[PDB]
Amino acid sequence: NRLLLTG
Amino acid sequence: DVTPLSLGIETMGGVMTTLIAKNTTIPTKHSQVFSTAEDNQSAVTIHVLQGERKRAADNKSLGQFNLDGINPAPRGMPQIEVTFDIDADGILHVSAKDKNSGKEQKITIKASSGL
(Lines give C-alpha, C1' and ligand atoms only; values in the text may rest on other atoms or scores of the structure.)
Protein backbone atom coordinates (compact mmCIF):
# COMPACT_ATOMS: atom_id res chain seq x y z
CA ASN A 1 0.00 0.00 0.00
CA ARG A 2 3.02 2.25 0.52
CA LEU A 3 6.32 2.14 -1.38
CA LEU A 4 9.38 4.41 -1.20
CA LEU A 5 10.22 6.91 -3.94
CA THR A 6 13.25 9.20 -4.02
CA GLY A 7 13.95 12.69 -5.34
CA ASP B 1 2.41 7.94 28.79
CA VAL B 2 1.12 8.65 25.28
CA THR B 3 2.82 10.22 22.26
CA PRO B 4 2.29 14.00 21.79
CA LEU B 5 1.01 13.40 18.25
CA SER B 6 0.53 10.88 15.46
CA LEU B 7 3.99 9.72 14.40
CA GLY B 8 4.70 8.10 11.07
CA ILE B 9 7.06 7.88 8.11
CA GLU B 10 6.72 9.26 4.60
CA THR B 11 6.47 6.65 1.90
CA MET B 12 6.59 6.98 -1.89
CA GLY B 13 8.53 10.16 -1.15
CA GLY B 14 5.87 12.77 -0.46
CA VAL B 15 3.10 10.81 1.26
CA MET B 16 2.51 10.52 5.01
CA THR B 17 2.20 7.12 6.64
CA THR B 18 1.62 6.49 10.35
CA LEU B 19 3.61 4.08 12.50
CA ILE B 20 3.44 5.15 16.15
CA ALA B 21 0.53 7.59 15.99
CA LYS B 22 -0.81 9.49 18.99
CA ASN B 23 -2.81 7.69 21.70
CA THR B 24 -0.17 4.96 22.00
CA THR B 25 2.69 3.90 24.28
CA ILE B 26 5.80 6.08 24.42
CA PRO B 27 8.21 3.07 24.69
CA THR B 28 7.50 1.79 21.19
CA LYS B 29 9.65 0.21 18.47
CA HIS B 30 9.10 -1.83 15.30
CA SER B 31 11.04 -3.07 12.29
CA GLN B 32 8.94 -3.33 9.13
CA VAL B 33 9.96 -4.45 5.64
CA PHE B 34 9.25 -1.81 3.00
CA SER B 35 10.13 -1.82 -0.70
CA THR B 36 11.75 0.86 -2.86
CA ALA B 37 10.54 2.64 -5.98
CA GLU B 38 12.12 3.98 -9.17
CA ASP B 39 14.54 1.30 -10.37
CA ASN B 40 18.17 2.33 -9.84
CA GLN B 41 17.76 4.60 -6.83
CA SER B 42 20.81 3.24 -5.05
CA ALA B 43 19.40 5.22 -2.14
CA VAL B 44 16.16 5.15 -0.17
CA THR B 45 14.36 8.24 1.14
CA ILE B 46 13.11 7.87 4.69
CA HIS B 47 11.25 10.94 5.82
CA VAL B 48 9.75 11.01 9.28
CA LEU B 49 6.35 12.65 9.10
CA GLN B 50 4.48 12.88 12.41
CA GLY B 51 0.88 13.75 11.72
CA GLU B 52 -2.59 12.48 10.86
CA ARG B 53 -4.42 14.22 8.01
CA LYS B 54 -5.16 14.05 4.29
CA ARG B 55 -2.51 15.53 1.98
CA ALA B 56 0.58 15.77 4.19
CA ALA B 57 3.56 18.02 3.45
CA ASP B 58 2.11 20.38 6.05
CA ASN B 59 1.95 18.50 9.35
CA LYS B 60 4.83 18.23 11.83
CA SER B 61 7.85 17.21 9.77
CA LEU B 62 10.05 15.25 12.16
CA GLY B 63 13.17 14.94 10.02
CA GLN B 64 14.65 13.87 6.68
CA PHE B 65 17.59 11.51 6.16
CA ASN B 66 18.97 9.90 3.03
CA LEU B 67 19.97 6.25 2.87
CA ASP B 68 22.09 4.49 0.23
CA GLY B 69 22.88 0.92 -0.75
CA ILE B 70 20.36 -0.38 -3.30
CA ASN B 71 22.06 -0.56 -6.68
CA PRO B 72 19.99 -0.91 -9.92
CA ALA B 73 16.91 -2.77 -8.67
CA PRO B 74 13.62 -3.20 -10.62
CA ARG B 75 11.56 -2.73 -7.44
CA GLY B 76 10.40 -5.57 -5.20
CA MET B 77 13.95 -6.84 -4.73
CA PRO B 78 15.18 -3.93 -2.51
CA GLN B 79 14.91 -4.69 1.21
CA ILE B 80 14.58 -1.75 3.61
CA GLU B 81 13.88 -2.32 7.30
CA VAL B 82 12.71 0.64 9.37
CA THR B 83 12.94 0.69 13.17
CA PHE B 84 11.55 3.54 15.26
CA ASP B 85 12.11 3.76 19.01
CA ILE B 86 10.25 6.45 20.94
CA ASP B 87 11.57 7.51 24.36
CA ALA B 88 9.90 9.31 27.28
CA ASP B 89 11.96 12.47 26.79
CA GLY B 90 10.56 12.60 23.28
CA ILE B 91 13.08 11.17 20.83
CA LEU B 92 12.76 8.88 17.83
CA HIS B 93 15.44 6.55 16.47
CA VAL B 94 14.88 5.70 12.81
CA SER B 95 17.00 3.25 10.82
CA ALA B 96 16.77 1.87 7.27
CA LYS B 97 18.87 -1.04 6.04
CA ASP B 98 19.66 -1.86 2.42
CA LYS B 99 20.05 -5.36 0.99
CA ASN B 100 22.44 -5.14 -1.96
CA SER B 101 25.77 -4.06 -0.49
CA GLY B 102 25.21 -4.16 3.27
CA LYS B 103 24.81 -0.42 3.77
CA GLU B 104 22.74 1.10 6.59
CA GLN B 105 22.51 4.36 8.55
CA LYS B 106 20.63 5.62 11.61
CA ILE B 107 19.66 9.09 12.84
CA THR B 108 18.02 10.60 15.91
CA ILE B 109 15.09 13.02 15.66
CA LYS B 110 13.42 14.78 18.59
CA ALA B 111 9.67 14.17 18.37
CA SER B 112 8.33 17.45 19.77
CA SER B 113 9.80 19.00 22.92
CA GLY B 114 12.01 22.05 22.48
CA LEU B 115 11.70 24.49 25.36
# chains A, B, ... in the order shown; residues from 1 in each chain; ligands from 1
$ interface_residues --of "chain B" --to "chain A" --cutoff "6 Å" --atoms "only C-alpha atoms" --output "tab-separated table (two decimals) with N, CA and C atoms, in the first residue's frame"
chain	number	residue	atom	x	y	z
B	11	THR	N	6.17	7.63	2.92
B	11	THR	CA	6.47	6.65	1.90
B	11	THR	C	6.21	7.22	0.51
B	12	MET	N	6.75	6.54	-0.51
B	12	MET	CA	6.59	6.98	-1.89
B	12	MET	C	7.16	8.39	-2.07
B	13	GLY	N	7.93	8.84	-1.09
B	13	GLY	CA	8.53	10.16	-1.15
B	13	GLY	C	7.52	11.27	-1.39
B	35	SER	N	9.45	-1.70	0.58
B	35	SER	CA	10.13	-1.82	-0.70
B	35	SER	C	10.48	-0.44	-1.25
B	36	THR	N	11.34	-0.40	-2.26
B	36	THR	CA	11.75	0.86	-2.86
B	36	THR	C	11.07	1.07	-4.21
B	37	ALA	N	11.14	2.30	-4.71
B	37	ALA	CA	10.54	2.64	-5.98
B	37	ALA	C	11.57	3.29	-6.90
B	45	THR	N	14.72	7.00	0.45
B	45	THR	CA	14.36	8.24	1.14
B	45	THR	C	13.40	7.98	2.29
$ residues_around --residues "residue 102 of chain B" --least-positions-apart "4" --cutoff "12 Å" --atoms "only C-alpha atoms" --output "count of residues only"
12
$ residues_around --residues "residue 31 of chain B" --least-positions-apart "5" --cutoff "12 Å" --atoms "only C-alpha atoms" --output "ChimeraX atom specification"
/B:19-20,79-85,93-97
$ atom_distance --atom1 "atom CA of residue 108 of chain B" --atom2 "atom CA of residue 77 of chain B"
27.3 Å
$ residues_around --residues "residue 9 of chain B" --least-positions-apart "4" --cutoff "10 Å" --atoms "only C-alpha atoms" --output "list in words"
residues 13, 14, 15, 16, 17, 18, 19, 20, 46, 47, 48, 49, 50, 51, 61, 62, 63, 64, 82, 84 and 94 of chain B
$ write_last_selection --atoms "N, CA, C and O atoms" --output "PDB file, in the first residue's frame"
ATOM      1  N   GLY B  13       7.928   8.843  -1.087  1.00  0.00           N
ATOM      2  CA  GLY B  13       8.534  10.161  -1.149  1.00  0.00           C
ATOM      3  C   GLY B  13       7.523  11.267  -1.386  1.00  0.00           C
ATOM      4  O   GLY B  13       7.362  11.734  -2.514  1.00  0.00           O
ATOM      5  N   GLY B  14       6.851  11.700  -0.320  1.00  0.00           N
ATOM      6  CA  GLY B  14       5.870  12.768  -0.456  1.00  0.00           C
ATOM      7  C   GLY B  14       4.556  12.473   0.246  1.00  0.00           C
ATOM      8  O   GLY B  14       3.757  13.380   0.478  1.00  0.00           O
ATOM      9  N   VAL B  15       4.330  11.209   0.583  1.00  0.00           N
ATOM     10  CA  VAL B  15       3.100  10.806   1.261  1.00  0.00           C
ATOM     11  C   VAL B  15       3.363  10.546   2.738  1.00  0.00           C
ATOM     12  O   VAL B  15       4.471  10.180   3.115  1.00  0.00           O
ATOM     13  N   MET B  16       2.347  10.739   3.577  1.00  0.00           N
ATOM     14  CA  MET B  16       2.507  10.519   5.011  1.00  0.00           C
ATOM     15  C   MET B  16       1.853   9.214   5.450  1.00  0.00           C
ATOM     16  O   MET B  16       0.668   8.974   5.216  1.00  0.00           O
ATOM     17  N   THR B  17       2.648   8.394   6.113  1.00  0.00           N
ATOM     18  CA  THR B  17       2.204   7.116   6.644  1.00  0.00           C
ATOM     19  C   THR B  17       2.399   7.136   8.150  1.00  0.00           C
ATOM     20  O   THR B  17       3.336   7.761   8.636  1.00  0.00           O
ATOM     21  N   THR B  18       1.513   6.487   8.891  1.00  0.00           N
ATOM     22  CA  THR B  18       1.621   6.488  10.346  1.00  0.00           C
ATOM     23  C   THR B  18       2.151   5.167  10.883  1.00  0.00           C
ATOM     24  O   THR B  18       1.766   4.093  10.421  1.00  0.00           O
ATOM     25  N   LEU B  19       3.031   5.261  11.877  1.00  0.00           N
ATOM     26  CA  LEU B  19       3.612   4.081  12.500  1.00  0.00           C
ATOM     27  C   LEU B  19       3.286   4.046  13.991  1.00  0.00           C
ATOM     28  O   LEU B  19       2.654   3.104  14.472  1.00  0.00           O
ATOM     29  N   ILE B  20       3.708   5.078  14.721  1.00  0.00           N
ATOM     30  CA  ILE B  20       3.438   5.150  16.154  1.00  0.00           C
ATOM     31  C   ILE B  20       2.052   5.729  16.410  1.00  0.00           C
ATOM     32  O   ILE B  20       1.222   5.111  17.076  1.00  0.00           O
ATOM     33  N   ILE B  46      13.922   8.074   3.509  1.00  0.00           N
ATOM     34  CA  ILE B  46      13.106   7.871   4.690  1.00  0.00           C
ATOM     35  C   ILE B  46      12.849   9.188   5.387  1.00  0.00           C
ATOM     36  O   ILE B  46      13.710   9.718   6.089  1.00  0.00           O
ATOM     37  N   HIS B  47      11.650   9.695   5.203  1.00  0.00           N
ATOM     38  CA  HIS B  47      11.246  10.938   5.824  1.00  0.00           C
ATOM     39  C   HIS B  47      10.337  10.619   6.993  1.00  0.00           C
ATOM     40  O   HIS B  47       9.453   9.780   6.880  1.00  0.00           O
ATOM     41  N   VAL B  48      10.557  11.268   8.120  1.00  0.00           N
ATOM     42  CA  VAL B  48       9.750  11.010   9.277  1.00  0.00           C
ATOM     43  C   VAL B  48       8.706  12.103   9.424  1.00  0.00           C
ATOM     44  O   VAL B  48       9.003  13.234   9.801  1.00  0.00           O
ATOM     45  N   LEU B  49       7.482  11.741   9.073  1.00  0.00           N
ATOM     46  CA  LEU B  49       6.349  12.647   9.104  1.00  0.00           C
ATOM     47  C   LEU B  49       5.413  12.290  10.254  1.00  0.00           C
ATOM     48  O   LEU B  49       4.756  11.251  10.229  1.00  0.00           O
ATOM     49  N   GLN B  50       5.346  13.149  11.265  1.00  0.00           N
ATOM     50  CA  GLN B  50       4.482  12.876  12.406  1.00  0.00           C
ATOM     51  C   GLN B  50       3.216  13.714  12.340  1.00  0.00           C
ATOM     52  O   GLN B  50       3.188  14.871  12.759  1.00  0.00           O
ATOM     53  N   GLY B  51       2.164  13.092  11.824  1.00  0.00           N
ATOM     54  CA  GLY B  51       0.880  13.749  11.720  1.00  0.00           C
ATOM     55  C   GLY B  51      -0.212  12.820  11.234  1.00  0.00           C
ATOM     56  O   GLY B  51       0.070  11.730  10.735  1.00  0.00           O
ATOM     57  N   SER B  61       6.789  17.949  10.434  1.00  0.00           N
ATOM     58  CA  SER B  61       7.853  17.212   9.765  1.00  0.00           C
ATOM     59  C   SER B  61       8.985  16.906  10.741  1.00  0.00           C
ATOM     60  O   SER B  61       9.794  17.779  11.057  1.00  0.00           O
ATOM     61  N   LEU B  62       9.027  15.666  11.218  1.00  0.00           N
ATOM     62  CA  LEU B  62      10.054  15.246  12.164  1.00  0.00           C
ATOM     63  C   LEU B  62      11.455  15.530  11.623  1.00  0.00           C
ATOM     64  O   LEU B  62      12.161  16.404  12.127  1.00  0.00           O
ATOM     65  N   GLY B  63      11.854  14.775  10.605  1.00  0.00           N
ATOM     66  CA  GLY B  63      13.175  14.941  10.020  1.00  0.00           C
ATOM     67  C   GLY B  63      13.322  14.223   8.688  1.00  0.00           C
ATOM     68  O   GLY B  63      12.475  13.417   8.314  1.00  0.00           O
ATOM     69  N   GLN B  64      14.399  14.511   7.971  1.00  0.00           N
ATOM     70  CA  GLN B  64      14.647  13.869   6.685  1.00  0.00           C
ATOM     71  C   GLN B  64      16.084  13.364   6.612  1.00  0.00           C
ATOM     72  O   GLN B  64      17.024  14.122   6.853  1.00  0.00           O
ATOM     73  N   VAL B  82      12.777  -0.588   8.592  1.00  0.00           N
ATOM     74  CA  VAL B  82      12.707   0.641   9.373  1.00  0.00           C
ATOM     75  C   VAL B  82      12.317   0.381  10.825  1.00  0.00           C
ATOM     76  O   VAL B  82      11.264  -0.188  11.108  1.00  0.00           O
ATOM     77  N   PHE B  84      11.781   2.250  14.619  1.00  0.00           N
ATOM     78  CA  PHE B  84      11.553   3.540  15.259  1.00  0.00           C
ATOM     79  C   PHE B  84      11.292   3.381  16.749  1.00  0.00           C
ATOM     80  O   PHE B  84      10.251   2.864  17.156  1.00  0.00           O
ATOM     81  N   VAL B  94      15.258   6.334  14.068  1.00  0.00           N
ATOM     82  CA  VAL B  94      14.883   5.696  12.813  1.00  0.00           C
ATOM     83  C   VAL B  94      16.099   5.089  12.126  1.00  0.00           C
ATOM     84  O   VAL B  94      17.192   5.656  12.163  1.00  0.00           O
TER      85      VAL B  94
END
$ residues_around --residues "residue 4 of chain B" --least-positions-apart "5" --cutoff "12 Å" --atoms "only C-alpha atoms" --output "list in words"
residues 20, 21, 22, 23, 24, 25, 26, 50, 51, 60, 86, 87, 88, 89, 90, 91, 110, 111, 112 and 113 of chain B
